[PDB]
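In the deposited numbering, the protein residues as written are 1 to 103.
Written out below as structure tokens is the structure these notes cover.
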């Protein structure tokens with residue numbers, strides 16, 4: 001089974017920063033996501049990151065800076081749900097922050 005997937009991204013990741021090949025980890029061709037009605041959403045704000053069918057790479061689409069993200073909590077975990085139509089299901093996506101409290 002391939003439902004549990006997580007990525008790694010260091011804090012202060014300006015919009016467009018690498019996070020983790022969502023498609024590569026999913027096991028689907030970038031030319032199949034389009035017709036598969038690929039979609040991304042979250043229960044928090046629904047606007048944390050986005051996937052690019054170009055290279056199936058995951059880039060930042062929100063505030064990652066420790067100031068915005070959290071900063072305080074050394075270890076910050078994020079949850080996301082990728083809505084895909086045909087097949088009808090969701091992909092568990094968890095991205096953690098990489099940095100230190102001291103700086």
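Beta carbons are placed, not taken as given, at the ideal position from N, Cα and C, and that holds for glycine.
Which two residues bound the contiguous beta strand (DSSP E) that contains residue 5?
Your numbering for residue 5 matches position 5 in the chain shown. Run containing residue 5: 4–10, per the beta strand (DSSP E) assignment.
Determine the closest residue to residue 4 out of 90, 66, 99 and 102, with distance taken between C-alpha atoms.
If you number the chain shown from 1, residue 4 lands on position 4. Residue 4 has its Cα closest to that of 90, out of 90, 66, 99 and 102.
From the DSSP secondary-structure annotation, give me the bridge partner or partners of residue 97.
One-based indexing of the chain shown puts residue 97 at position 97. Its beta-bridge partners are 9.
Could you please give me the residues that DSSP links to residue 77 through a beta bridge?
Reading the chain shown from its first residue, position 77 is the one you call residue 77. In the DSSP output, where bridge partners are listed per residue, residue 77 has 96.
Could you pull the start and end residues of the beta strand (DSSP E) that residue 57 belongs to?
The residue given as residue 57 occupies position 57 in the chain shown. That run of the beta strand (DSSP E) goes 57–60.
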